[PDB]
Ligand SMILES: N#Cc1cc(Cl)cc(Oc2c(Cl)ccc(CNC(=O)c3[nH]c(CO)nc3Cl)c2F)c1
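Just the one chain here, the form deposited without this ligand, laid out as structure tokens.
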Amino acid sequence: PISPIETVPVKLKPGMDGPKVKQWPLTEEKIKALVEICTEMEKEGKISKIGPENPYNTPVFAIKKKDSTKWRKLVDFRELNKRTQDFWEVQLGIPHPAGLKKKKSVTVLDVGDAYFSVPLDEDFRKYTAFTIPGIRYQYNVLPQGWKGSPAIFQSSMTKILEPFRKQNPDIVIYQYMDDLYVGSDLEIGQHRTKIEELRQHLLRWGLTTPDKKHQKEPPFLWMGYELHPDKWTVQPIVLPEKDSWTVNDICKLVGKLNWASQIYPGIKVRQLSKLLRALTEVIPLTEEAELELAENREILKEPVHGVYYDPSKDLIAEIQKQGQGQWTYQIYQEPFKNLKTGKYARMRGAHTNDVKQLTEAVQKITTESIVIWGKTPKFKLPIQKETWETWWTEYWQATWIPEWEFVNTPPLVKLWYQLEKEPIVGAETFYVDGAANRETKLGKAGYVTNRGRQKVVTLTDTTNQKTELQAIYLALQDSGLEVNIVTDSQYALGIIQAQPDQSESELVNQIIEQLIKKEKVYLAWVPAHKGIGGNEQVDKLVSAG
């Protein structure tokens, strides 16, 4: 049946016209599938035969549904989609079972042939012209393949449920496309009554709810999960086992894993992701990668569930450090009863350290808790209050972590060295510098010390900033456990003062090692070329090119 909802006014992008595209050849099994579908839709006024008034055409096909049995008619509107106006998508995200509260009674409903129940704007029907190889039709309803269809259906669906929702404020209806999860705190019979009210409300608006997709008993299949009354589970995740992985194969494995990490603690994909730095390209696994893959494989073998959300309790998130910029977290309310889990692993910044990254993790989780439960969680972090305090003093930026409590569970996040705030008495003073020729790429790094030591190192295929980092490296390399280094490189001073423990740069990594080995380091800055000794002396030494 077709909804008596008002159509949504749609137009083409200006100066453009509808699609004219040859109908590619189809399987015979699919044509029988399609005429079966078309002859029926046509009797229901969902599609209309057209003539030569309609110049347009757009290819059609059909794939099998999850069902084994019924076909889904589709239309490669890729071209019309280029030429259709912009919509504002209204689907802002994906409901998560961890955000569901416990309900006395639950129902899951799906709408029968949902799109084909929402009428399409009259003035736009022309462009939806297609051909079944052989009859020529246009759409009077939403086509599956148009880019307007999801936003229009979702919005239309939302209009339709608005009355029921106002009339029934305390019946909760999660609404994903045409899928509905309906929860009530009613005894089973009063609930079933309410469901029948709903189904008939939908029917009045042309959206049927076939009993075949009407779930009445736990466990409910919903949004890719099984929902039990006290716990939820993800429908089994089956990783490939192709012992000759390709870039496409990897991407599917990284994808299934990230999806898996929402309830599986300890998933890592750094070493897998690292691999893919076109799609048919086969890549050899690294050791680190396969070792990882196996670790995940062992994780997935275990049985795990999530729980539902009690708003009367707190949201707690604890974060584990996984190493190499990797982090897992567990969000719960009662210990060892996870709401959900997750991983942070985004590398951002050429140079960084573990406290920045922890702060980024806290941020991601905060944003995500806010989407899912609408509030920030309390944090349990493997970082001592003193460590954070130091970093929030030492750092020239506004940084902040919400309410949180330390947890002794290693690897504890630390600062791996601390630059001195004041120059070090009885420490050799190095005046470092570097210069590099733009044209030849030759350059020199080196230093001059208050004790009379001087050294220049010649470099090849280098850059100015590199030569300044090289000069500092050189000074760390030839200094005692305590060193005063004076640089004129704003660049270098900015990197090192940020106290990184990791870098994309091999050279900065080599430097970090030196800074961790040293016991006191002090970095002072001076303006370049201003006769300031002995930045002056090392400048002459280094600038012979």
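Numbers follow the displayed sequence, beginning with 1.
Omitted here: the form solved in complex with this ligand. The next part is about that form.
The site on the displayed chain is blocked: this ligand, placed by C-alpha superposition from its pose in the bound PDB entry, has three or more atoms within 2.4 Å of backbone or C-beta atoms. The stretch among 446-454, 105-113, 395-403, 259-267 whose residues place heavy atoms within 4.5 Å of this ligand in the bound PDB entry is 105-113.
A residue is said to contact a partner when one of its heavy atoms sits within 4.5 Å of a partner heavy atom; residue 135 fails this definition for this ligand in the bound PDB entry, lying far away. For the chain shown alone, residue 337 is not a contact residue for this ligand in the bound PDB entry, no non-hydrogen atom being within 4.5 angstroms. For the chain shown alone, residue 120 is not a contact residue for this ligand in the bound PDB entry, no non-hydrogen atom being within 4.5 angstroms.
Remark: residue 202 does not count among the residues lining this ligand in the bound PDB entry, judged by a heavy atom distance of 4.5 Å or less. In terms of contact with this ligand in the bound PDB entry, the residue from 80, 272, 362, 100 that brings a heavy atom within 4.5 Å is 100.
Listed residues 229, 374, 240, 323 were compared with this ligand in the bound PDB entry; 229 is the one with a heavy atom within 4.5 Å. Of the residues in 144-173, only 172 comes within 4.5 Å of this ligand in the bound PDB entry through at least one heavy atom.
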